[PDB]
Amino acid sequence: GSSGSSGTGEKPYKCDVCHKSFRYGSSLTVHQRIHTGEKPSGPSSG
Ligand SMILES: [Zn+2]
(Lines give C-alpha, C1' and ligand atoms only; values in the text may rest on other atoms or scores of the structure.)
Protein backbone atom coordinates (compact mmCIF):
# COMPACT_ATOMS: atom_id res chain seq x y z
CA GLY A 1 0.00 0.00 0.00
CA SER A 2 2.82 2.40 0.86
CA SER A 3 4.69 4.18 -1.93
CA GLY A 4 7.25 2.05 -3.75
CA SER A 5 8.11 2.79 -7.37
CA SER A 6 11.48 1.22 -8.20
CA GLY A 7 12.48 3.04 -11.37
CA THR A 8 9.14 3.05 -13.19
CA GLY A 9 7.63 6.38 -12.18
CA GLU A 10 8.68 9.40 -14.23
CA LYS A 11 6.67 8.81 -17.40
CA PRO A 12 6.75 11.18 -20.41
CA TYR A 13 2.95 11.02 -20.48
CA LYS A 14 1.11 11.95 -17.28
CA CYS A 15 -2.59 12.83 -17.06
CA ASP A 16 -3.40 16.50 -16.44
CA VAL A 17 -6.51 15.80 -14.37
CA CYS A 18 -5.66 12.90 -12.06
CA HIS A 19 -1.88 12.91 -12.51
CA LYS A 20 -1.66 9.39 -13.94
CA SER A 21 1.78 8.69 -15.41
CA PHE A 22 2.06 6.62 -18.59
CA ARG A 23 5.24 5.26 -20.15
CA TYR A 24 3.36 5.53 -23.45
CA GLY A 25 1.33 8.43 -24.80
CA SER A 26 -1.38 6.15 -26.18
CA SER A 27 -1.93 4.66 -22.73
CA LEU A 28 -2.55 8.10 -21.23
CA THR A 29 -5.24 9.10 -23.73
CA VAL A 30 -6.90 5.68 -23.60
CA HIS A 31 -7.10 6.34 -19.86
CA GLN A 32 -8.35 9.93 -20.00
CA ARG A 33 -11.43 8.33 -21.56
CA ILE A 34 -12.91 8.31 -18.06
CA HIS A 35 -12.13 12.02 -17.71
CA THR A 36 -14.11 12.76 -20.87
CA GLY A 37 -17.85 12.19 -21.13
CA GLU A 38 -19.07 10.86 -17.79
CA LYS A 39 -18.54 12.85 -14.60
CA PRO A 40 -14.86 13.01 -13.54
CA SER A 41 -13.36 10.85 -10.79
CA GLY A 42 -10.60 11.12 -8.20
CA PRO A 43 -9.53 13.92 -5.84
CA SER A 44 -10.45 17.43 -6.98
CA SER A 45 -10.76 19.76 -4.00
CA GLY A 46 -11.88 19.85 -0.38
ZN1 LIG B 1 -6.47 10.57 -15.63
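Residues numbered from 1 in each chain as written, not as in the entry; some residues may be left out. Heavy atoms only, no water.

Method information in the entry identifies solution NMR as the source of the structure.

Per the PDB entry, the chain is named Zinc finger protein 28 homolog, and its organism is Homo sapiens.

Peer 1: With reference to specific residues and values, describe the coordination of the zinc ion.
Peer 2: Surrounding the zinc ion are the protein donor atoms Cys15 (SG), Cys18 (SG), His31 (NE2) and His35 (NE2), at 1.9 to 2.4 Å. Coordination at the zinc ion comes from four donor atoms whose angles at the metal span 98 to 117°, giving a geometry best classed as tetrahedral. Mapped onto the sequence, the residues coordinating the zinc ion show the spacing C-x2-C-x12-H-x3-H. Separated by 17 residues along the polypeptide, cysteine 18 in the loop between strand 1 (13–14) and strand 2 (21–22) and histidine 35 in the segment after helix 1 (25–32) bring together distant segments of the chain. (Donors = N, O, S within 2.8 Å, 3.2 Å for Na, K, Ca; no water. Tetrahedral: all angles 85-135°; square planar, octahedral: opposite > 155°, others 65-115°. Helix = DSSP H or I, 4+ residues; strand = E, 2+ residues; numbered from the N terminus.)

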